[PDB]
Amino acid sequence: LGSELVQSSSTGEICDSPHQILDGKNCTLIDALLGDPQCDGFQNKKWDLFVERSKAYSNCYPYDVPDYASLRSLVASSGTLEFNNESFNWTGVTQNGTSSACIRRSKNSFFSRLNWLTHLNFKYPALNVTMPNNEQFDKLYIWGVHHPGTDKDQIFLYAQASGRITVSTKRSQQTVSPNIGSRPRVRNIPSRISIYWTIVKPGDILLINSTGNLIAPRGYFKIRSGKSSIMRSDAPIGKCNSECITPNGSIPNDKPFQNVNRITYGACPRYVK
């Protein structure tokens, strides 16, 4: 309250020091995480602050994330996309499904970090696969359920009228079933995928049970930090050094308060309206 206690101005530009900034450009953090074909340049990157642009768009299989805001926050705070492949035992199914809705280098493809499993010899066995976490750090697994447009497609892919998936650890259990039906066509696709996530602590075991419709993980992400973050801004990133980042640009950390934006990253004045 009073102009000498409150910072109110900005240059419209975010400084690239002192924090490590990653410009999402045309990719959302979630598309970089799943491995959309336009986002392969983000693999394994780290950040203090991820800057997400309003013109970001998707170019792979159409999907939703029931828990979108939480998964986005978790990965943003973590500050890394470091990914480690694991070899799951997918005996009895066909692996590596691809789609014309997801083109990579001019061929049908799919999210790089997910594995679209389908029937083998007209049988989709009841999969029961495990992956112990014998590491000293937490693992994050991203997986999904495919919702076909029609019963014909469901049968063609899975040789099963309705899949059931349960993914569990000693600490949690999630069970999902496809919702078959035709939705508006995105890149000519009336079907969808819904994305889910599961953390496995050291000493715990990932258990995956599926009878159909599983979009499987190929491995795990690490959880690196709890102090990175994400912000939506269209400000350019320039070569300068400034302590407090806001969507409206970086500002110095000088007065007790600021009314530039309630969203900030770094050592900053407190927001006051």
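The first residue of the sequence shown is number 1, and the count goes up from there.
**Q** Between 61-69 and 210-218, point out the one with the higher average CA B-factor as the PDB entry records it.
**A** Comparing 61-69 with 210-218, the higher mean C-alpha B-factor belongs to 61-69.
**Q** Given the B-factors recorded for C-alpha atoms, which segment has the greater mean, 189-197 or 168-176?
**A** The entry gives the higher C-alpha B-factor average to 168-176.
**Q** Between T80, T118, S106, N84, let me know which has the highest C-alpha B-factor in the entry?
**A** That would be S106, according to the entry.
**Q** What's the residue among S99, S112, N134, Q95 with the greatest CA temperature factor in the PDB record?
**A** Of the options given, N134 has the highest CA B-factor in the PDB entry.
**Q** Lowest, middle or highest third: which one holds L127 when the chain's residues are ordered by CA B-factor from the entry?
**A** Highest third, going by the recorded CA B-factors of the chain.
**Q** Would you please rank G149 by its C-alpha temperature factor against the other modelled residues of its chain and give the third it falls in: lowest, middle or highest?
**A** Answer is middle: the recorded C-alpha B-factor places it there.
**Q** In terms of the chain's CA B-factor thirds, is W90 lowest, middle or highest?
**A** Within its chain, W90 is a middle-third residue by C-alpha B-factor, going by the deposited values.
**Q** Lowest, middle or highest third: where is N26 by Cα B-factor in its chain?
**A** Middle third, going by the recorded CA B-factors of the chain.
**Q** Grab the CA temperature factor for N253 from the record and place it in the lowest, middle or highest third of its chain.
**A** It falls in the middle third of the chain.
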